[PDB]
Amino acid sequence: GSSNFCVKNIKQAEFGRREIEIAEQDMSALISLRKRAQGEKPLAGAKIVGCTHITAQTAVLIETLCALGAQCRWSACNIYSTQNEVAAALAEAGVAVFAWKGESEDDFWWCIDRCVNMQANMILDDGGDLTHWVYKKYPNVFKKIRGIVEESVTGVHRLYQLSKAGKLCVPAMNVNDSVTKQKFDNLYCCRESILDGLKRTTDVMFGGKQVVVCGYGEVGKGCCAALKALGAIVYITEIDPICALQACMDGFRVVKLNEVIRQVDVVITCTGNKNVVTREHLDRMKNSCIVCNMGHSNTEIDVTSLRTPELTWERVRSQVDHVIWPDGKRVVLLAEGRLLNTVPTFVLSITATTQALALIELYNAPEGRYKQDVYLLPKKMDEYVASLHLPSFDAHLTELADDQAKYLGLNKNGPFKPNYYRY
Amino acid sequence: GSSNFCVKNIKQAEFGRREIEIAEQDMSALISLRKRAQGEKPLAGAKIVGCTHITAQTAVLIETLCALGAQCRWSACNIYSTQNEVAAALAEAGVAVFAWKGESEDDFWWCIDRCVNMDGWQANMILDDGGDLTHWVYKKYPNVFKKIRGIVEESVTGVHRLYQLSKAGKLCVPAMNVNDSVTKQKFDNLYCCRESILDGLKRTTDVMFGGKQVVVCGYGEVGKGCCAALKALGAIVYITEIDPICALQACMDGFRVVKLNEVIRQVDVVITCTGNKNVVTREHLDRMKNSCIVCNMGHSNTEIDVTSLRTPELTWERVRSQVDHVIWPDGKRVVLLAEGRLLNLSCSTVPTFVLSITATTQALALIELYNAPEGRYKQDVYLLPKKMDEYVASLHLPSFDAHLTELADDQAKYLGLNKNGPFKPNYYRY
Amino acid sequence: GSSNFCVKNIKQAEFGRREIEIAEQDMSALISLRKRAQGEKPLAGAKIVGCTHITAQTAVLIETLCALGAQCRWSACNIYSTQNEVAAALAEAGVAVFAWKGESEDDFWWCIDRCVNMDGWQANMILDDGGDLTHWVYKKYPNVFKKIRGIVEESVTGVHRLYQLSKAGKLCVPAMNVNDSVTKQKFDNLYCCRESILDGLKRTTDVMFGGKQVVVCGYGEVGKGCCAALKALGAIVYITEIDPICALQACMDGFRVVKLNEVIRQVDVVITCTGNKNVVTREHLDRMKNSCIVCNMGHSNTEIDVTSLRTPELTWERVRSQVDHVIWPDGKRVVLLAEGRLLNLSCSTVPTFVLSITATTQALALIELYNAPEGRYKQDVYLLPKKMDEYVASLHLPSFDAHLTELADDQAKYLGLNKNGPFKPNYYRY
Amino acid sequence: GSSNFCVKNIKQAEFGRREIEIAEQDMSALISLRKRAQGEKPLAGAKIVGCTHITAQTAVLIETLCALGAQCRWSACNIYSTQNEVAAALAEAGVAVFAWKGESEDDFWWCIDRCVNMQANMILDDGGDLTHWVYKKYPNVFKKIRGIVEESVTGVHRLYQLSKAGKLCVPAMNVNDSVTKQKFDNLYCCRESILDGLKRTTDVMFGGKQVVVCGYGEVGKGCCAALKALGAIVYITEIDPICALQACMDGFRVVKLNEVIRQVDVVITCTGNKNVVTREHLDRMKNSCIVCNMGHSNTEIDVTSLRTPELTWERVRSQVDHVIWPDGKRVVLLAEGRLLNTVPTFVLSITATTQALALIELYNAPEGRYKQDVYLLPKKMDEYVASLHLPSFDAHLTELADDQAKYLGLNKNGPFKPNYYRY
Ligand SMILES: NC(=O)c1ccc[n+]([C@@H]2O[C@H](COP(=O)([O-])OP(=O)(O)OC[C@H]3O[C@@H](n4cnc5c(N)ncnc54)[C@H](O)[C@@H]3O)[C@@H](O)[C@H]2O)c1
Ligand SMILES: NC(=O)c1ccc[n+]([C@@H]2O[C@H](COP(=O)([O-])OP(=O)(O)OC[C@H]3O[C@@H](n4cnc5c(N)ncnc54)[C@H](O)[C@@H]3O)[C@@H](O)[C@H]2O)c1
Ligand SMILES: NC(=O)c1ccc[n+]([C@@H]2O[C@H](COP(=O)([O-])OP(=O)(O)OC[C@H]3O[C@@H](n4cnc5c(N)ncnc54)[C@H](O)[C@@H]3O)[C@@H](O)[C@H]2O)c1
Ligand SMILES: NC(=O)c1ccc[n+]([C@@H]2O[C@H](COP(=O)([O-])OP(=O)(O)OC[C@H]3O[C@@H](n4cnc5c(N)ncnc54)[C@H](O)[C@@H]3O)[C@@H](O)[C@H]2O)c1
């Protein structure tokens, strides 16, 4: 007699778990953590309020969190990402899931509500919308929270905003910038997928072409290397002298966007800033110049300055518009300045383990370890995330000998690197 | 008319000054740091006791410190490294330099001590490269040691010595780890792990690595550089690790993580870059196939238990410089490079650009700790501030004619950042 | 007033001409070849029968031929590829074009035949892309076929068809293999094997290859490109080969050469790029581990015996476009892409620069064979002359603003070479 | 009672063969060819006159050639390269070896003599000095020769000179440009070793530096890729439009040497030409610019124009001179314009097998297969060279199935590629 949930369940729980069964086969790292951490119950009594994508992979995390003794009350962090069939499966398992595909902005806040009120220990968030809603609607529930586990870039920025500015009164965990997760998201975004959206939408070869990549951070470094590999001539713009010196040494020219704006075939933004590519820059670009945002939002390129009456827009294909100037000049604008963009199950597994361990760490943390500030996942916990993914490669880790562990000032299991280690 | 110096240099100043003049054209980033902060004398009142190599490059650092108001008393960190000519030009310039080429072990500790004690001289700062001068001030003059405003250390073992006193509470003075400061760290990594990583190995071997099987022990800065270099030449690289993060990094970089024994009998090359002792033991050396190459790109000479190969049944043949063939009674030989030591310690010298990065880091690390308020640094080892790291990088940008973009008021408002202030958070790995 | 054309285009010429005008800015190398050889009309008297895609790029080639004095009669090599608008502008320009989008198999052979026979028209040259027009002239009009001055073929199967007649003595006319001409070959290799090699695979899969085990069957142009691309992402790549040179190349590039069976049960991805039949047989598909990906980057759809997977005990589920999950009775599924066909044939189009290289090669291959003296080419298939290959490359250099160095009389005397003549020997692989 | 030889043998034959025994262990590809081709005796009666380096590796080829039924009369192609101890070992084995270290230019031609006259079938050469000596001293012995097997660049050029110009009246084998050998020499020279001499002698890092590589052939492509990998900014000069287009597409600028001569930190020649870097170029180079020849001879850079009285030479280290101009400007000249430069035993094994099979092919060739021209080693013979080196990697070659070999128009063992194949 299941009541505590809100999904559009049509006996979908039988099919829903069958798609989770496939996901469980693909994320054997969490099932190992489930098996290894079982019995001990490190989340015994934990009342977790979650807000993330309701997918078959996520179910493996929620069903793992609940298997380690936690009370799961959940919501969807997006109004279209909910895999209703898996959501309906979670409802039958006992998980208080309030989520469906095609929910409105009112249904969205309604689900976050039914998730909070009906003594919530912890909050697992992806976005920070649930965290901010508990910050302006239930502040006495908020001050009693043991820890906020955040995986989103903006959500974590919102937490760093509260901190130091005198507002954060609860210890937080930045899992986005945590070592094992950051490094793995870097490999997927900046190494593997970096030019997939750009190659998919353009049908030109980058060999022998001139490109300008704005920003030489994670995305910029990844982008330039991939473009360099293809035989493209790449130029870089930077505000950070460390990143600029890094570009110089990597055989790239560090320029001001205007020095190359008139000759480059392709313009790429990956800064996280606004008005990097302005009206003046789009006016100086040579005809057919590809304009691409590989950073955030749609403010990196001032696309709003191209809606004026003299310019005309012609839709070439999906996610490709031609913005034509009265002199006949056209720029190939990809996805209206938005990031072109399903995350691989192995990437989610890395994130899910980091999130799971971040909850176990903050929940069982002593009163004096974590102050009212944002923190990264402990080094030994970061090592545990990596270790749980090693059997997927049949990787044989070496154990330190008693004299070896005595030589280097460290424990046979303990943190192997200093705090400032960059990997 | 001054006699406050000890050099062999019998009017070698004129010639030596020309070498500093030549060096100053290559240390253009230090001359800028000199020019930009002079007249404001940020080291006015600093009494610095130094122990580093005396070269025409180092001399530019010593003189930038003297130009920023500091009063220097210098020593050599090595008994062979001293370029006497520059030591003269410095002594003639007024710097209290106490060094020459061809020192004995007793002369080495005489000079170090000459820096520490003098009538009316009390040291503010210690700039070391090795830690030997620091261990000397710590044990010979503990009362002077407690009164030092800050230690700036270059060396790996010297910094680890400083980190050891911390967590043991023997460190009563703040320390600056320049070795792991971003700009300096990233630059050494590029020199050591990217550009030079196979130089020593290629120089001493005369085989091609393409098509070969190599086992690299450790996947840290050196291991990563090494494996990339070997991957690019066509070598099949196997990795051993104790750290599951570094091992997962290797799995994701296309390498298999194995226990040393799983491949020891099939690899053509064995490389150690751990910083550990007995990574390759007698057991491993015995199981290696004939013509296997054994190399240490890590620390000291204890990564491979070379002393276990000094048994009467084994026969040593130096076939080339730094190359020994250790032949077993059954005829099997292992090609052992530099007797288990790092090869680069007996091959070449550090590029002036790498020296420029380091010297700039050192000068700013001394300017920081000296002018630092209390409570900003306690009795611990710290890394160079981000705005200082950025400045080290910025001073080296004109040599590439780099054009840095400056944030607009609207742009710098969007990010919670200063137009010229720190651009990255503390946990930024770059 | 002419009616010598068959197009659907009801005054579509004005619009279509604008597309050729747009294309001519991207085919700048052909406009130069046009401009440089015009007035000298090297194709004056050539009666060319063509069968290629009708696009605004191809139209620039057809018009360069008509501008060099040639008289053209064109057909489409595909029943879907025709851009009708350009077909109008060409018909209006005077070219005898016989093509439109949405042809039936019977319409396709009607147009091909319309090109071949006409009152007072006898073909000098055949420009094909597929070989279907060549097989048609060879069997329907053998008397016209023996009188053709030269065949210039673009396609892989068309060229192999031409190479088959040779050594069998059925080829009575000289043929130009543009597919394996240096400039064209090196350019396709860069597009197909370097730039696009994993595009189809990345588009249809949603997994990361870094850390995965991949077996690539064949280490030719495609296999080499593929393995490099996979090596760079962090994948562990295994190679299978029949050719010991290509296998030794893989051994030297850091890959293990294995028999397909040695790794079939452990690989995450299987790739075929051989050009052979039954490289991956039912036995292999049965031994693949659950979630294995099967991809064909070779020819047709016979490299993987997909027809052996159409048994009643196997269940097919199209999870995405061009992605089928073939599930066994025990639950094990294999992710099979494009039903064993090449993915690129249903994803994108060929870059205009690649088209420019090819079109330039084709025009010069027709200028060569038409103006070629007898005894220079016999009843065999030949590659484009070196000085012509150099010219194809030279015509594309200004788009990069390349500055070619010219040999001095002393320099060109030192090497047995002409200042502008052939620069490399015949066996030069580049 | 050994007489037919000329070495400085002091019972060195006992130690000599012990160094060959080590070499035999390292080139098991030739011992396999020795074993496989034994019994058949494809060189039965062959009277080979050889001129190459007398090393422990070479001994394995000579002792293999003689093991396949050939009569070995040998000389040294260089006056300093002879490993006397191995030469003395060959003398005892029955090989007519006339060679020693430190022989004069008169001793050199004397040894080539005692090698020819005492009915020589074949000639195996490395240089073409022995081939030219049989061309101007014994022309009736020369016209009776079945084939010339040449491995040297200049020696092969000398043969291509005779051919077409109406002088070559004997079929030749170009083993230098033969597929398996060319590709393997390319890997050693242009991939593995390309920057070893330059890195060894300079002590600067190439990251962030500007380089000019003159020529984009085998050496140029190899050099630029290695420099590109290190983060250097590389520019290229070319005379060949195919090679120039190749550079463009590889993300390099194709320039005239003068456009970059004043800004580049490093100048590299790999053209095979003379006066690429002239007096005018060395006068425009910025102070400390490294000048390096990676091509041929010492004529690529006009070093002879820097001996004039206004310039001064200062020897920095071994193979590094500073050429100082009166204005104080200095250029770092490496090895007086000469190539900086022991070849690995696996490379020699590839060459030795190609040479061995080139001799078996031309000796047993029918009268009508090879005319009076220079040829490359047959494709199936090239495949045999590669196959014999595969067990060193434990490489498992796939055998074509009867229907597979029927599908592609080829034999289960025959040439797998067309003649124009570039690999
Ligand atoms: N493309 C993707 O797959 C993807 C994925 C996740 C996030 N992002 C977003 O992309 C942006 C960049 O991500 P990152 O991880 O590379 O960040 P990062 O902080 O590592 O790098 C951003 C870089 O841009 C530089 N920069 C900032 N303003 C600039 C300016 N206006 N002109 C030139 N350079 C400037 C910064 O100094 C920094 O080096 C962020 O907003 C990030 O959230 C992109
Ligand atoms: N080769 C060079 O040019 C060079 C230069 C400077 C310093 N070093 C020295 O080399 C050592 C390594 O340098 P690094 O920069 O790589 O340091 P690092 O800490 O970044 O890397 C050391 C790695 O070795 C691994 N490791 C430790 N014990 C192991 C074991 N026994 N088996 C397998 N792996 C093991 C660790 O997990 C770590 O990742 C240090 O002592 C350093 O001082 C070498
Ligand atoms: N992927 C693409 O974009 C693309 C593009 C054009 C053509 N192709 C086609 O793909 C096929 C291969 O192209 P290529 O350019 O690599 O040709 P290629 O001849 O250069 O390479 C084929 C390789 O496959 C090897 N091989 C043959 N049978 C084998 C076997 N059964 N097992 C293992 N290896 C085997 C051969 O030794 C040869 O090296 C051709 O039919 C070609 O038309 C693919
Ligand atoms: N560095 C080494 O390890 C090494 C080894 C063997 C031989 N070589 C010699 O080096 C030279 C180059 O060898 P390769 O195999 O690269 O030859 P290659 O024929 O493959 O390339 C030479 C290139 O230089 C270009 N070129 C010729 N003259 C030029 C000019 N004056 N200006 C600019 N470019 C010019 C040619 O077009 C050609 O592309 C040859 O003499 C060769 O014998 C060098």
# chains A, B, ... in the order shown; residues from 1 in each chain; ligands from 1
call {"tool": "residues_near_ligand", "arguments": {"ligand": "ligand 2", "cutoff": "7 Å", "atoms": "only C-alpha atoms and all ligand atoms", "output": "JSON, numbers by chain"}}
result
{"A": [398, 400, 416, 417], "B": [156, 192, 193, 197, 217, 218, 219, 220, 221, 222, 223, 240, 241, 242, 243, 246, 273, 274, 275, 276, 279, 297, 298, 299, 342, 344]}
call {"tool": "select_by_dssp", "arguments": {"residues": "segment 91-324 of chain A", "states": "strand (DSSP E or B)", "output": "PyMOL selection string"}}
result
chain A and resi 96-98+122-125+147-150+172-174+210-214+233-237+253-254+266-269+277+290-293+301+312-317+320-324
call {"tool": "residues_around", "arguments": {"residues": "residue 2 of chain A", "least_positions_apart": "5", "cutoff": "12 Å", "atoms": "only C-alpha atoms", "output": "list in words"}}
result
residues 7, 9, 13, 88, 89, 90, 91, 92, 93, 94, 95, 96 and 97 of chain A
call {"tool": "write_last_selection", "arguments": {"atoms": "N, CA and C atoms", "output": "short mmCIF file (atom, residue, chain, number, x, y, z; two decimals), in the first residue's frame"}}
result
data_model
loop_
_atom_site.label_atom_id
_atom_site.label_comp_id
_atom_site.auth_asym_id
_atom_site.auth_seq_id
_atom_site.Cartn_x
_atom_site.Cartn_y
_atom_site.Cartn_z
N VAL A 7 4.66 10.23 -8.97
CA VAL A 7 5.10 9.83 -10.31
C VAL A 7 3.84 9.52 -11.14
N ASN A 9 3.09 6.62 -12.49
CA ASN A 9 3.14 5.15 -12.41
C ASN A 9 1.88 4.45 -12.95
N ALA A 13 6.72 0.03 -12.42
CA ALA A 13 7.71 -0.45 -11.45
C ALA A 13 8.38 -1.77 -11.86
N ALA A 88 8.99 5.48 -11.14
CA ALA A 88 7.90 4.59 -10.71
C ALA A 88 8.45 3.32 -10.05
N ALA A 89 9.65 2.88 -10.46
CA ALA A 89 10.30 1.72 -9.84
C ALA A 89 10.77 2.08 -8.43
N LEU A 90 11.37 3.28 -8.26
CA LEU A 90 11.84 3.81 -6.97
C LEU A 90 10.71 3.91 -5.95
N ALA A 91 9.51 4.35 -6.39
CA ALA A 91 8.29 4.52 -5.59
C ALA A 91 7.87 3.22 -4.91
N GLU A 92 7.90 2.09 -5.66
CA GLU A 92 7.58 0.74 -5.19
C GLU A 92 8.61 0.24 -4.16
N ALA A 93 9.90 0.57 -4.36
CA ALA A 93 11.01 0.19 -3.48
C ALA A 93 10.95 0.87 -2.10
N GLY A 94 10.13 1.91 -1.97
CA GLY A 94 9.96 2.65 -0.72
C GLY A 94 10.48 4.07 -0.76
N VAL A 95 11.14 4.45 -1.87
CA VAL A 95 11.72 5.77 -2.08
C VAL A 95 10.61 6.78 -2.37
N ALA A 96 10.56 7.86 -1.57
CA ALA A 96 9.62 8.96 -1.70
C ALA A 96 10.06 9.85 -2.87
N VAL A 97 9.73 9.42 -4.09
CA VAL A 97 10.08 10.11 -5.34
C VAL A 97 8.89 10.94 -5.86
#
call {"tool": "select_by_dssp", "arguments": {"residues": "segment 31-218 of chain D", "states": "alpha helix (DSSP H)", "output": "PyMOL selection string"}}
result
chain D and resi 31-37+56-65+84-93+105-116+129-136+139-143+153-162+179-186+196-202+218
call {"tool": "interface_residues", "arguments": {"of": "chain B", "to": "chain A", "cutoff": "6 Å", "atoms": "only C-alpha atoms", "output": "list in words"}}
result
residues 241, 242, 244, 245, 257, 258, 259, 390, 393, 394, 402, 403, 404, 405, 406 and 429 of chain B
call {"tool": "residues_around", "arguments": {"residues": "segment 44-59 of chain B", "least_positions_apart": "4", "cutoff": "6 Å", "atoms": "only C-alpha atoms", "output": "PyMOL selection string"}}
result
chain B and resi 19-20+23+69-77+81-83+86+115+123-129
call {"tool": "write_last_selection", "arguments": {"atoms": "C-alpha atoms", "output": "CSV table (one decimal), in the first residue's frame"}}
result
chain,number,residue,atom,x,y,z
B,19,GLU,CA,79.2,37.1,-17.5
B,20,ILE,CA,76.6,38.7,-15.2
B,23,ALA,CA,73.2,36.6,-18.0
B,69,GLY,CA,67.5,46.9,-0.2
B,70,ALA,CA,68.6,43.5,1.2
B,71,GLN,CA,72.1,42.8,2.7
B,72,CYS,CA,73.4,39.4,1.6
B,73,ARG,CA,76.0,36.8,2.9
B,74,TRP,CA,76.3,33.9,0.5
B,75,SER,CA,77.6,30.3,0.4
B,76,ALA,CA,77.7,27.5,-2.3
B,77,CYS,CA,75.4,24.4,-1.9
B,81,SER,CA,79.4,24.2,-8.9
B,82,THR,CA,81.0,27.6,-8.2
B,83,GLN,CA,81.9,29.8,-11.2
B,86,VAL,CA,81.1,35.8,-10.9
B,115,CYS,CA,77.5,33.3,6.6
B,123,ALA,CA,70.1,36.7,9.8
B,124,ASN,CA,66.4,37.6,8.9
B,125,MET,CA,66.0,35.1,6.1
B,126,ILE,CA,67.5,31.8,4.9
B,127,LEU,CA,67.5,31.1,1.2
B,128,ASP,CA,68.5,27.4,0.8
B,129,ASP,CA,69.0,24.8,-2.0
call {"tool": "interface_residues", "arguments": {"of": "chain B", "to": "chain C", "cutoff": "10 Å", "atoms": "only C-alpha atoms", "output": "list in words"}}
result
residues 208, 209, 210, 211, 212, 213, 230, 231, 232, 233, 234, 235, 236, 237, 248, 249, 250, 251, 252, 253, 254, 255 and 256 of chain B
call {"tool": "write_last_selection", "arguments": {"atoms": "N, CA, C and O atoms", "output": "mmCIF file, in the first residue's frame"}}
result
data_model
loop_
_atom_site.group_PDB
_atom_site.id
_atom_site.type_symbol
_atom_site.label_atom_id
_atom_site.label_comp_id
_atom_site.auth_asym_id
_atom_site.auth_seq_id
_atom_site.Cartn_x
_atom_site.Cartn_y
_atom_site.Cartn_z
ATOM 1 N N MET B 208 66.294 1.172 -29.845
ATOM 2 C CA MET B 208 65.113 1.985 -30.052
ATOM 3 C C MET B 208 64.008 1.438 -29.183
ATOM 4 O O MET B 208 63.929 0.239 -28.994
ATOM 5 N N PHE B 209 63.268 2.345 -28.517
ATOM 6 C CA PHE B 209 62.204 2.034 -27.568
ATOM 7 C C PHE B 209 60.914 1.647 -28.247
ATOM 8 O O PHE B 209 60.179 0.833 -27.685
ATOM 9 N N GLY B 210 60.709 2.140 -29.469
ATOM 10 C CA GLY B 210 59.591 1.791 -30.329
ATOM 11 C C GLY B 210 59.592 0.297 -30.522
ATOM 12 O O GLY B 210 60.643 -0.271 -30.825
ATOM 13 N N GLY B 211 58.456 -0.329 -30.210
ATOM 14 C CA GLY B 211 58.250 -1.770 -30.263
ATOM 15 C C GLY B 211 58.631 -2.524 -29.005
ATOM 16 O O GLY B 211 58.464 -3.744 -28.937
ATOM 17 N N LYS B 212 59.163 -1.820 -28.004
ATOM 18 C CA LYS B 212 59.664 -2.440 -26.778
ATOM 19 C C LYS B 212 58.638 -2.444 -25.702
ATOM 20 O O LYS B 212 57.681 -1.692 -25.773
ATOM 21 N N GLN B 213 58.835 -3.293 -24.699
ATOM 22 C CA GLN B 213 57.986 -3.375 -23.520
ATOM 23 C C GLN B 213 58.738 -2.753 -22.350
ATOM 24 O O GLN B 213 59.889 -3.108 -22.076
ATOM 25 N N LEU B 230 57.486 7.681 -23.893
ATOM 26 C CA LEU B 230 57.605 6.301 -24.364
ATOM 27 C C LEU B 230 56.437 5.886 -25.248
ATOM 28 O O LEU B 230 56.669 5.199 -26.247
ATOM 29 N N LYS B 231 55.199 6.312 -24.913
ATOM 30 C CA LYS B 231 54.003 6.027 -25.719
ATOM 31 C C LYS B 231 54.171 6.591 -27.128
ATOM 32 O O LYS B 231 53.879 5.901 -28.108
ATOM 33 N N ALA B 232 54.644 7.846 -27.219
ATOM 34 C CA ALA B 232 54.854 8.582 -28.458
ATOM 35 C C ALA B 232 55.901 7.922 -29.377
ATOM 36 O O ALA B 232 55.828 8.110 -30.584
ATOM 37 N N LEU B 233 56.879 7.179 -28.821
ATOM 38 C CA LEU B 233 57.924 6.520 -29.613
ATOM 39 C C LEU B 233 57.515 5.119 -30.121
ATOM 40 O O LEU B 233 58.222 4.595 -30.982
ATOM 41 N N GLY B 234 56.410 4.541 -29.611
ATOM 42 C CA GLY B 234 55.894 3.241 -30.035
ATOM 43 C C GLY B 234 56.129 2.130 -29.030
ATOM 44 O O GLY B 234 56.009 0.944 -29.353
ATOM 45 N N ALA B 235 56.494 2.504 -27.796
ATOM 46 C CA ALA B 235 56.792 1.535 -26.764
ATOM 47 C C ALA B 235 55.505 1.091 -26.112
ATOM 48 O O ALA B 235 54.561 1.888 -26.035
ATOM 49 N N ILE B 236 55.455 -0.185 -25.647
ATOM 50 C CA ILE B 236 54.327 -0.750 -24.909
ATOM 51 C C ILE B 236 54.692 -0.547 -23.457
ATOM 52 O O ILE B 236 55.673 -1.119 -22.995
ATOM 53 N N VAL B 237 53.940 0.318 -22.758
ATOM 54 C CA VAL B 237 54.234 0.733 -21.396
ATOM 55 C C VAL B 237 53.223 0.140 -20.448
ATOM 56 O O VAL B 237 52.015 0.160 -20.719
ATOM 57 N N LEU B 248 44.256 4.882 -11.547
ATOM 58 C CA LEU B 248 43.041 5.113 -12.339
ATOM 59 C C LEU B 248 43.342 6.067 -13.509
ATOM 60 O O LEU B 248 42.809 5.881 -14.618
ATOM 61 N N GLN B 249 44.252 7.047 -13.257
ATOM 62 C CA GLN B 249 44.763 7.994 -14.251
ATOM 63 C C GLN B 249 45.495 7.222 -15.357
ATOM 64 O O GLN B 249 45.232 7.468 -16.535
ATOM 65 N N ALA B 250 46.343 6.249 -14.982
ATOM 66 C CA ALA B 250 47.072 5.387 -15.926
ATOM 67 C C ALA B 250 46.120 4.490 -16.711
ATOM 68 O O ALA B 250 46.284 4.366 -17.922
ATOM 69 N N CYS B 251 45.103 3.885 -16.035
ATOM 70 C CA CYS B 251 44.082 3.057 -16.711
ATOM 71 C C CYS B 251 43.389 3.879 -17.793
ATOM 72 O O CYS B 251 43.218 3.425 -18.935
ATOM 73 N N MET B 252 43.033 5.106 -17.427
ATOM 74 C CA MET B 252 42.359 6.025 -18.345
ATOM 75 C C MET B 252 43.304 6.582 -19.459
ATOM 76 O O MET B 252 42.795 6.983 -20.502
ATOM 77 N N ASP B 253 44.645 6.536 -19.270
ATOM 78 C CA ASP B 253 45.637 7.022 -20.255
ATOM 79 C C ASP B 253 46.117 5.915 -21.214
ATOM 80 O O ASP B 253 47.019 6.153 -22.032
ATOM 81 N N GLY B 254 45.490 4.741 -21.112
ATOM 82 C CA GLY B 254 45.731 3.611 -21.988
ATOM 83 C C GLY B 254 46.769 2.638 -21.531
ATOM 84 O O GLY B 254 47.280 1.862 -22.349
ATOM 85 N N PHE B 255 47.101 2.668 -20.233
ATOM 86 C CA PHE B 255 48.106 1.761 -19.680
ATOM 87 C C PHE B 255 47.499 0.792 -18.735
ATOM 88 O O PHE B 255 46.567 1.134 -18.048
ATOM 89 N N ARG B 256 48.044 -0.405 -18.670
ATOM 90 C CA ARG B 256 47.712 -1.451 -17.696
ATOM 91 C C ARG B 256 48.531 -1.215 -16.426
ATOM 92 O O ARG B 256 49.756 -0.991 -16.501
#
call {"tool": "closest_residue", "arguments": {"among": "D:15, D:188, D:98, D:235", "to": "chain A", "atoms": "only C-alpha atoms"}}
result
D:235
call {"tool": "closest_atom_pairs", "arguments": {"of": "chain B", "to": "ligand 1", "cutoff": "8 Å", "atoms": "only C-alpha atoms and all ligand atoms", "output": "JSON lines"}}
result
{"residue": "B:405", "atom": "CA", "partner": "ligand 1", "partner_atom_place_in_ligand_line": "32 (N)", "distance": 6.0}
{"residue": "B:406", "atom": "CA", "partner": "ligand 1", "partner_atom_place_in_ligand_line": "32 (N)", "distance": 7.6}
{"residue": "B:407", "atom": "CA", "partner": "ligand 1", "partner_atom_place_in_ligand_line": "31 (N)", "distance": 6.2}
{"residue": "B:411", "atom": "CA", "partner": "ligand 1", "partner_atom_place_in_ligand_line": "31 (N)", "distance": 6.7}
{"residue": "B:423", "atom": "CA", "partner": "ligand 1", "partner_atom_place_in_ligand_line": "37 (O)", "distance": 6.3}
{"residue": "B:424", "atom": "CA", "partner": "ligand 1", "partner_atom_place_in_ligand_line": "19 (O)", "distance": 6.9}
{"residue": "B:428", "atom": "CA", "partner": "ligand 1", "partner_atom_place_in_ligand_line": "20 (O)", "distance": 7.9}
{"residue": "B:430", "atom": "CA", "partner": "ligand 1", "partner_atom_place_in_ligand_line": "20 (O)", "distance": 7.2}
call {"tool": "atom_distance", "arguments": {"atom1": "atom CA of residue 344 of chain A", "atom2": "atom CA of residue 202 of chain C"}}
result
11.8 Å
call {"tool": "atom_distance", "arguments": {"atom1": "atom CA of residue 148 of chain A", "atom2": "atom CA of residue 172 of chain A"}}
result
4.7 Å
call {"tool": "residues_around", "arguments": {"residues": "residue 122 of chain D", "least_positions_apart": "6", "cutoff": "9 Å", "atoms": "only C-alpha atoms", "output": "MDAnalysis selection string"}}
result
chainID D and resid 46:50 145:149 359 362:363
